[PDB]
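Read the structure below first, then the notes.
Each reported figure results from applying straightforward, stated rules to the coordinates on display, with no laboratory input. Positions of Cβ are backbone-derived with ideal geometry, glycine not excepted, and every protein chain shown enters the neighbour counts.
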Amino acid sequence: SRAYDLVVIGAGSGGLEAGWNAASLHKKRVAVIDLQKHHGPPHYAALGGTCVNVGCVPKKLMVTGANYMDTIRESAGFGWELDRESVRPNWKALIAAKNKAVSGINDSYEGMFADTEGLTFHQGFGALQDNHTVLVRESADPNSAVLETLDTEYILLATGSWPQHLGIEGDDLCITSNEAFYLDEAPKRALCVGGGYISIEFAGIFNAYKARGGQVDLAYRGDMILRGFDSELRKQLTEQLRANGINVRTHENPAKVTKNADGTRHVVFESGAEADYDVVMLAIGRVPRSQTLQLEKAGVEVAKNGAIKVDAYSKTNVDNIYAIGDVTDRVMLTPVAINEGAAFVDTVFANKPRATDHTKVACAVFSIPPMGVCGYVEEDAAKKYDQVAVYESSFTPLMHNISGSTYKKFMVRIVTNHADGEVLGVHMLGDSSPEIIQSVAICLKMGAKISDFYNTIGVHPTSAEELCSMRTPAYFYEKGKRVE
Amino acid sequence: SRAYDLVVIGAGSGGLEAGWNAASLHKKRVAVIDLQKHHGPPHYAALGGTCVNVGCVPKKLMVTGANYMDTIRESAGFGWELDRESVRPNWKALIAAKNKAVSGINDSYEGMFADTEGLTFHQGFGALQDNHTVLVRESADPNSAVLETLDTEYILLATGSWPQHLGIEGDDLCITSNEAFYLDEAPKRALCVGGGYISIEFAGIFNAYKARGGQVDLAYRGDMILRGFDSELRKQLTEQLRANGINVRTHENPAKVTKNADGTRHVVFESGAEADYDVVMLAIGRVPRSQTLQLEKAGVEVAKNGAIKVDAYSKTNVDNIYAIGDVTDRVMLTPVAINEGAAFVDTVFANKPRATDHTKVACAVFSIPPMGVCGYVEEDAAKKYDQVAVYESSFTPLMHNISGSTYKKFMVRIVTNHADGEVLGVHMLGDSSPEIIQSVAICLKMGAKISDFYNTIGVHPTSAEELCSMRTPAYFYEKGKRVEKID
Ligand SMILES: Cc1cc2nc3c(=O)[nH]c(=O)nc-3n(C[C@H](O)[C@H](O)[C@H](O)COP(=O)(O)OP(=O)(O)OC[C@H]3O[C@@H](n4cnc5c(N)ncnc54)[C@H](O)[C@@H]3O)c2cc1C
Ligand SMILES: Cc1cc2nc3c(=O)[nH]c(=O)nc-3n(C[C@H](O)[C@H](O)[C@H](O)COP(=O)(O)OP(=O)(O)OC[C@H]3O[C@@H](n4cnc5c(N)ncnc54)[C@H](O)[C@@H]3O)c2cc1C
């Protein structure tokens, strides 16, 4: 009757939910394991995982800050007079606020254990010795000191992901999303490498807090940033990001990064262009973090990219060993991991097998301006259904006629299965779109039809009401090809 | 084979909707009649209607303008340094800017007629001679130069509403929302008389652009502003208004208003209190604007309060005449008047009988901070279902711990029918709820249950994701009686 009922490796978004539920809801013994208790170097992530410490939380507070640059600017057309040459962003001011917030969350996790019978935190690098033995080492090195040895019935593997670096000269002269949250002073020239949402988000941040005259370059290997999202929106976002002074460089890649005497980095892109930046941030991708778990010793299977393989119930090949969150590489979002976390408990300790629904999952890119997208892109629906119709709507809010940011188009695009009119995807660009897409997502959960949207009376005046006034498909895709 | 197929009195939200659909989609001979083709004195509303000219549109631009007061202020917390002492609102700019907006919209309206065969505009005060003849006169005066006589098959009265006045001494010294859209300089002290959204929205605009050391007091007869909304939301909104400087004087009504030497209005309240203000805005009510239509001539039934009586399909007792919008007094909102008018066009010119649903109609209050609500408030559900559940959630967004606007609590309350868990009312208080509630209306309209909500994966970090996290009711009502638990 093993020392522990559950030993969760990773006190992240999914692993903490599992742990708390099992302990608080089903009187189980739970050892949770993470590398540190408070946010920040050397591990950046800590109890609460990547989201609280170096993810969604500080990222959003910071994107909130970055926004004032536009509002203060836009306030002009509405009659607000102020000494505008006197406006000066304070990065230190900001960072200290963020730190105060994230540490506040960290502190609440600590009291969460002194209130839960059975829930136990354990600091250190977890790794497996055998399918019931979870070693806690003082380090990531395989033969490093073994602090603990927890004997357990089931083992959940929720160790998140981690920034990806490129194999170039000067890779170590670049920072990643992790460091960026602790920059002492905001870069004047910064280079964001990557077209993902993490990179698009931080460029928008670096561009609001740059010294007058500064520059923010976003270099991405391919042709269009934000691969995976609606292509029509991808183009639109590129134009407005550029409109805010961000230099979008598609088809660029650092080739060799070097340090200038003054400490700034000199970059030579593959294209043959070079340029200097105070900061060069690497937002290439996040890889499943499994490597030092010694999954081999447990028998547990992994993919080629390091993703632990799990089925619908996030069960690995070994019956008592489960894996959730980003480590499993399904949908790397906080809510998804939390659902996978809550379901694993239903399944193994409540005997009511449930599997998380990774379809119709809402998400937002807090770029400036942001996106809130849910579901399929015409491309995937088009290779999935006989015929799909696509609706499109775009307009520049009146207020933007008045504020000056007239490049700020609101854009709603809808994808349906034309056979029965069921909504497969919703994609919006423009302010509030992360707020709006949340209720759009319940609709799609309930399988709403385009007729269900257009039949609802709108709330006016709102960007949202645009969703209820799309009755005609712009064009279609029939048996996989564009039509009409 | 009659002069026109349709004569629409009122070129508004419903009015223009019906006009264009009937013409542009059924090739009917449509004549649209409005007092003026441009926003402003002397009529205020004009082509486009009340929403476009002196309502939703200008109001939303004036509240966006007013939000900057808070925004500029909260940027301090996120590290934005600037000459704070240099910040001054400039009403005249808001007003030029706003005017420029509306005009563009009015300008586009004329081209609508120019490019629509069968659609024609007619300027003046439409009056009824008889159920097939519409007199387009010179004024409201029955003894007005009859500018033209329209012969018609169907008549659609869609004249909207108008601000309701009090009959107190000096009522004539006060303004209404029609005038405030044209104020010359932002009032420094202002009285907003009314509990409704129009009044609450204006107190927010005045409070933001007011000269410093200034003050906006909001007086309402009832006990709590916004009669008709979720009781908790009203209460919380009240706190948040006080917290921002507005003086919510509940149980206060003006007894009389006189003019001071200096042009300011002095007011004595029924309670005996007195104060002086540069402006007194009455935003106590709006009444169906049917009085100068001579509905008697065509035999149209009208309720006590001027509301034109109509059935589910908008038809009046007079088979060839339909009434839509604020004038019928159903749900006085622009979207409703619009859905209503599209429906008429089918019913009458497409023989496809439609009746607008005035239920599960989401709407919003553009106060600061704003509200977005859709559905039954608990009280009402309580009278219609033996067991109603009430889940409530409130929190202060983390950004507001950093901004300083710590009083800013996002509040969500859901009333469900506890038997089957059907969601009957979703109500919010907080930034973005006007946007977030629009899709909840789609949900509630599709018959959503509370599991549908909490079973949806959340978007994080957002305010809306709270909707998907309310799985446990906070209290119930059993056969009209609130109880802490079902027994
Ligand atoms: C910059 C950034 C912004 C993001 N923004 C968003 C957003 O806005 N919204 C959103 O929904 N998602 C966002 N995400 C992603 C989101 O944070 C993740 O999807 C989510 O955190 C995944 O949770 P998880 O359960 O996989 O584990 P994580 O939350 O990543 O937690 C993993 C934990 O395990 C610990 N761990 C690692 N190795 C070991 C070990 N050997 N032993 C013990 N413990 C270990 C880690 O230190 C960490 O604490 C963002 C991510 C990043 C990086
Ligand atoms: C300050 C304010 C803010 C508002 N904000 C909102 C909001 O945010 N959202 C919302 O949904 N609703 C809002 N409303 C209400 C909304 O404007 C109305 O519900 C809507 O305009 C009603 O449309 P309608 O078709 O009934 O007529 P209206 O749009 O009022 O149009 C009626 C038209 O008929 C004309 N008319 C009247 N009498 C005659 C006559 N005898 N002869 C000829 N023409 C005539 C008038 O000139 C007017 O142009 C607001 C109203 C006000 C006053």
Cβ-based net charge around residue B:133, under 12 Å, with every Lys or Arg adding one and every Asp or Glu removing one: -2
Centroid-to-centroid separation of region B:90-156 and region A:157-196 [C-alpha atoms, Å]: 61
Partnerless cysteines, meaning none of the other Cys C-beta atoms lie under 4.7 Å away, in chain B: B:174, B:192, B:363, B:374, B:443, B:468
Cα gyration tensor shape for region A:1-136, rounded if a/c is under 1.5, else prolate or oblate: prolate
Neighbour-limited loop hits for trypsin sites (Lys or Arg not before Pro), region B:1-103 (at most 14 other Cβ within 10 Å; DSSP other than H, G, I, E, B): B:2, B:27
Cβ charges +1 (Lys, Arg) and -1 (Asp, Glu), total dipole of chain A, debye: 400
Residue-averaged beta-carbon neighbours from other chains (10 angstrom radius) around A:79-92: 6
Loop-located trypsin sites (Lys or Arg not before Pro) in region A:312-376, at most 10 other Cβ atoms within 10 Å (DSSP): none
All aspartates and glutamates inside 19 Å of residue A:479 as judged from Cα atoms, apart from same-chain residues fewer than 8 positions distant: A:378, A:379, A:380, A:386, A:420, A:422
Student exercise, the protein assembly as shown dipole from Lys, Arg, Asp, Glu Cβ charges, in Debye to nearest 20: 100
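Under the rule of -39500 (n - 2.57) per DSSP H run of 4 or more residues, summed and divided by the residues of chain A, what mean residue ellipticity at 222 nm is obtained, to the nearest 500 deg cm²/dmol?
Working: 12 runs with 129 residues, N = 484.
Counting only the DSSP helices, I get -8000 deg cm²/dmol.
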Proximal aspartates and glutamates to residue B:28, defined as alpha-carbon separation beneath 15 angstrom and excluding residues fewer than eight positions away on the same chain: B:5, B:17, B:115, B:117, B:151, B:153, B:346
Estimated dipole of region A:164-284 in Debye, rounded to 20 [Cβ of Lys and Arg +1, of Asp and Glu -1, Cα centre]: 280
Loop-resident sites, region A:385-436, for chymotrypsin sites (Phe, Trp or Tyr not before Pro), counting at most 16 other Cβ within 10 Å (DSSP): A:407
Dimensions (Å) - region B:360-486, Cα atoms, principal axes, largest first: 44, 29, 28
Local electrostatic count, residue A:198, Cβ distance below 14 Å [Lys/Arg +1, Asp/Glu -1]: +1
Principal axis box of region A:164-284, alpha-carbon based, largest edge first, Å: 43, 30, 25
Farthest toward positive dipole pole in chain B [+1 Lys/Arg, -1 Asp/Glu at C-beta], among B:417, B:47, B:263: B:417
Neighbourhood net charge (12 Å Cβ-Cβ; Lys/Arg +1, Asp/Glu -1) for residue B:334: -2
Residues whose placed amide H lies under 5 Å from that of residue A:483, excluding near-sequence neighbours: A:476, A:477, A:478
Cα centroid separation - region B:304-346 against region B:197-255, whole Å: 32
